[PDB]
Amino acid sequence: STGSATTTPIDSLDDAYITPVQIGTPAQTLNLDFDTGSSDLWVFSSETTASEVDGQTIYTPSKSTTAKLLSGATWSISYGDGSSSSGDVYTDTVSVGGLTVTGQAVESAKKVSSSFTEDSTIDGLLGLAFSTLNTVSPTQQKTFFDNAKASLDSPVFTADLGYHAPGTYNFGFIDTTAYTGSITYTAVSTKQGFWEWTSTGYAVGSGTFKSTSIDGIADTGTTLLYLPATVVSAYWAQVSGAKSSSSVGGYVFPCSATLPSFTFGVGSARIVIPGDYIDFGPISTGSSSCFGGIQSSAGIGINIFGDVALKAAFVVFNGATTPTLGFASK
């Protein structure tokens, strides 16, 4: 089997991407944030504290003839950005782009943090990291991909995120029309439960490539590119007037700037992030200070190849017995 679904930016900045997901019988379609940095499929629901729901579409398990309470199971997750959610668990039928999994754990939120409430466009998350990170207790549950894998034509999914435009998540096949040149594959460590890999270096604008190993994670659920302070300083030094602002929470730059590109290495291959992908717009409405899309990972504890990086590529998440990651230009 295969599946193919369009993923759409939630706003004009590509702050996140939402993908429609069918849950239950009859189908209830919710728009979920596909997140290769976490491993829980959780949704706003009829169980979510009413004051914490503000415009989201909810899953109502009592209206699904295939929903079953997973007795005694609870979940609770905290994300890198400080947001969180928790609740109980149902199993139900879940379909993405025509690919169906029966008996998928659907984690129903009883509580969500303010950032989730405040984002009316995201109805929940669909985790695509390794199932070892799943938070369900006392019996850990499998991700949608893990459940689908054996049925897929090939044990892979691909992320093809757009810049200020829709893109695609495919399951079970590689669309050879969706990228240019070849896909370069690189090793993955699953030791921390992430799609963790090592970039071979970087360049800023038309500058020379610096060969240096940068360990980080391919994370579709993180907006920005978080890299070591040395790398990030070298980038912003090429933008007149750019500075790190403790009050704002990272590098800012004059909105009048033309940003240089940023290149990262994948083996001997190179992925070029155009400068415009690094612009996240005014820090507040009407400001002439703009927020940068490349930020320091110092004090995160891990480098994160988030959407800013991934949307410059066609990315293969290869879930073979020994997982690997592939990147192509597009």
# chains A, B, ... in the order shown; residues from 1 in each chain; ligands from 1
>>> closest_atom_pairs(of="region 233-287 of chain A", to="region 304-313 of chain A", cutoff="9 Å", atoms="only C-alpha atoms", output="tab-separated table")
residue	atom	partner	partner_atom	distance
A:262	CA	A:309	CA	9.0
A:264	CA	A:309	CA	8.4
A:271	CA	A:313	CA	6.8
A:272	CA	A:312	CA	6.7
A:273	CA	A:312	CA	5.5
A:274	CA	A:312	CA	7.8
A:277	CA	A:308	CA	6.2
A:278	CA	A:308	CA	6.7
>>> select_by_dssp(residues="region 34-227 of chain A", states="strand (DSSP E or B)", output="ChimeraX atom specification")
/A:34-35,41-43,45,59,68-78,84-96,99-112,124-127,137,156-160,167-171,184-187,189,196-204,210-218,225-227
>>> closest_residue(among="A:20, A:319, A:72, A:167", to="residue 122 (chain A)", atoms="only C-alpha atoms")
A:20
>>> closest_atom_pairs(of="region 128-219 of chain A", to="region 322-327 of chain A", cutoff="7 Å", atoms="only C-alpha atoms", output="tab-separated table")
residue	atom	partner	partner_atom	distance
A:183	CA	A:327	CA	5.3
A:184	CA	A:326	CA	5.3
A:185	CA	A:326	CA	4.1
A:186	CA	A:325	CA	5.4
A:187	CA	A:324	CA	5.0
A:188	CA	A:324	CA	5.0
>>> write_last_selection(atoms="N, CA, C and O atoms", output="PDB file, in the first residue's frame")
ATOM      1  N   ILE A 183      19.229  11.377  -4.806  1.00  0.00           N
ATOM      2  CA  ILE A 183      19.033  11.408  -3.367  1.00  0.00           C
ATOM      3  C   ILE A 183      20.315  10.907  -2.723  1.00  0.00           C
ATOM      4  O   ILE A 183      20.796   9.829  -3.066  1.00  0.00           O
ATOM      5  N   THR A 184      20.878  11.682  -1.804  1.00  0.00           N
ATOM      6  CA  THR A 184      22.035  11.236  -1.041  1.00  0.00           C
ATOM      7  C   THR A 184      21.566  10.737   0.316  1.00  0.00           C
ATOM      8  O   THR A 184      20.926  11.478   1.071  1.00  0.00           O
ATOM      9  N   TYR A 185      21.887   9.481   0.610  1.00  0.00           N
ATOM     10  CA  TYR A 185      21.520   8.859   1.870  1.00  0.00           C
ATOM     11  C   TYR A 185      22.646   8.970   2.883  1.00  0.00           C
ATOM     12  O   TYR A 185      23.832   8.955   2.528  1.00  0.00           O
ATOM     13  N   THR A 186      22.261   9.070   4.145  1.00  0.00           N
ATOM     14  CA  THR A 186      23.199   9.287   5.225  1.00  0.00           C
ATOM     15  C   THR A 186      22.729   8.509   6.455  1.00  0.00           C
ATOM     16  O   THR A 186      21.534   8.262   6.640  1.00  0.00           O
ATOM     17  N   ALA A 187      23.675   8.123   7.299  1.00  0.00           N
ATOM     18  CA  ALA A 187      23.379   7.261   8.438  1.00  0.00           C
ATOM     19  C   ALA A 187      22.532   7.954   9.511  1.00  0.00           C
ATOM     20  O   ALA A 187      22.624   9.169   9.713  1.00  0.00           O
ATOM     21  N   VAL A 188      21.725   7.155  10.201  1.00  0.00           N
ATOM     22  CA  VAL A 188      20.861   7.618  11.274  1.00  0.00           C
ATOM     23  C   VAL A 188      21.221   6.886  12.563  1.00  0.00           C
ATOM     24  O   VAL A 188      21.468   5.681  12.551  1.00  0.00           O
TER      25      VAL A 188
END
>>> residues_around(residues="region 139-150 of chain A", least_positions_apart="2", cutoff="7 Å", atoms="only C-alpha atoms", output="list in words")
residues 39, 40, 101, 104, 105, 127, 128, 131, 134, 135, 136, 137, 152 and 155 of chain A
>>> write_last_selection(atoms="N, CA, C and O atoms", output="PDB file, in the first residue's frame")
ATOM      1  N   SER A  39       6.529  11.233  18.867  1.00  0.00           N
ATOM      2  CA  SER A  39       6.037   9.891  18.557  1.00  0.00           C
ATOM      3  C   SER A  39       4.644   9.608  19.097  1.00  0.00           C
ATOM      4  O   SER A  39       4.264   8.441  19.250  1.00  0.00           O
ATOM      5  N   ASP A  40       3.876  10.669  19.353  1.00  0.00           N
ATOM      6  CA  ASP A  40       2.503  10.561  19.818  1.00  0.00           C
ATOM      7  C   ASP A  40       1.570  11.144  18.751  1.00  0.00           C
ATOM      8  O   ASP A  40       1.847  12.205  18.161  1.00  0.00           O
ATOM      9  N   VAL A 101      -4.608   2.598   8.687  1.00  0.00           N
ATOM     10  CA  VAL A 101      -4.166   1.762   9.794  1.00  0.00           C
ATOM     11  C   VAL A 101      -5.359   1.525  10.695  1.00  0.00           C
ATOM     12  O   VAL A 101      -6.007   2.463  11.135  1.00  0.00           O
ATOM     13  N   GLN A 104      -4.985   2.034  15.465  1.00  0.00           N
ATOM     14  CA  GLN A 104      -4.018   3.074  15.799  1.00  0.00           C
ATOM     15  C   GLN A 104      -4.359   3.710  17.144  1.00  0.00           C
ATOM     16  O   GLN A 104      -5.513   4.054  17.389  1.00  0.00           O
ATOM     17  N   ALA A 105      -3.353   3.913  17.994  1.00  0.00           N
ATOM     18  CA  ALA A 105      -3.566   4.663  19.224  1.00  0.00           C
ATOM     19  C   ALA A 105      -3.777   6.132  18.891  1.00  0.00           C
ATOM     20  O   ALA A 105      -2.902   6.787  18.304  1.00  0.00           O
ATOM     21  N   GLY A 127       2.940  12.061  15.363  1.00  0.00           N
ATOM     22  CA  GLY A 127       4.364  11.839  15.536  1.00  0.00           C
ATOM     23  C   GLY A 127       4.913  10.797  14.586  1.00  0.00           C
ATOM     24  O   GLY A 127       4.280   9.764  14.345  1.00  0.00           O
ATOM     25  N   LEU A 128       6.106  11.087  14.068  1.00  0.00           N
ATOM     26  CA  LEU A 128       6.775  10.249  13.085  1.00  0.00           C
ATOM     27  C   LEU A 128       8.233   9.967  13.457  1.00  0.00           C
ATOM     28  O   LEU A 128       8.993   9.494  12.617  1.00  0.00           O
ATOM     29  N   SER A 131       9.097   4.883  17.801  1.00  0.00           N
ATOM     30  CA  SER A 131       8.058   4.604  18.784  1.00  0.00           C
ATOM     31  C   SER A 131       8.586   4.506  20.213  1.00  0.00           C
ATOM     32  O   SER A 131       7.821   4.593  21.159  1.00  0.00           O
ATOM     33  N   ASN A 134       7.268   7.233  22.364  1.00  0.00           N
ATOM     34  CA  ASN A 134       5.849   7.387  22.623  1.00  0.00           C
ATOM     35  C   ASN A 134       5.579   7.432  24.131  1.00  0.00           C
ATOM     36  O   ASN A 134       6.150   6.643  24.896  1.00  0.00           O
ATOM     37  N   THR A 135       4.709   8.344  24.567  1.00  0.00           N
ATOM     38  CA  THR A 135       4.529   8.579  26.000  1.00  0.00           C
ATOM     39  C   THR A 135       3.397   7.784  26.653  1.00  0.00           C
ATOM     40  O   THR A 135       3.178   7.917  27.848  1.00  0.00           O
ATOM     41  N   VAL A 136       2.689   6.948  25.911  1.00  0.00           N
ATOM     42  CA  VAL A 136       1.555   6.248  26.511  1.00  0.00           C
ATOM     43  C   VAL A 136       2.031   5.301  27.606  1.00  0.00           C
ATOM     44  O   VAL A 136       2.994   4.563  27.429  1.00  0.00           O
ATOM     45  N   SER A 137       1.327   5.327  28.732  1.00  0.00           N
ATOM     46  CA  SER A 137       1.619   4.499  29.886  1.00  0.00           C
ATOM     47  C   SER A 137       0.324   3.801  30.313  1.00  0.00           C
ATOM     48  O   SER A 137      -0.734   4.412  30.260  1.00  0.00           O
ATOM     49  N   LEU A 152       3.336  -1.294   3.729  1.00  0.00           N
ATOM     50  CA  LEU A 152       3.782  -0.370   2.691  1.00  0.00           C
ATOM     51  C   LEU A 152       4.571  -1.064   1.588  1.00  0.00           C
ATOM     52  O   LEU A 152       5.273  -2.044   1.826  1.00  0.00           O
ATOM     53  N   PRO A 155       9.324   0.507   3.044  1.00  0.00           N
ATOM     54  CA  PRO A 155       9.156   1.002   4.419  1.00  0.00           C
ATOM     55  C   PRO A 155       9.725   2.411   4.631  1.00  0.00           C
ATOM     56  O   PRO A 155      10.680   2.620   5.389  1.00  0.00           O
TER      57      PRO A 155
END
>>> atom_distance(atom1="CA of residue 293 (chain A)", atom2="CA of residue 192 (chain A)")
24.9 Å
>>> atom_distance(atom1="CA of residue 280 (chain A)", atom2="CA of residue 204 (chain A)")
18.1 Å
>>> residues_around(residues="region 157-166 of chain A", least_positions_apart="4", cutoff="6 Å", atoms="only C-alpha atoms", output="list in words")
residues 7, 8, 170, 171, 172, 311, 314, 315, 316 and 317 of chain A
>>> closest_residue(among="A:79, A:116, A:235, A:17", to="residue 44 (chain A)", atoms="only C-alpha atoms")
A:116
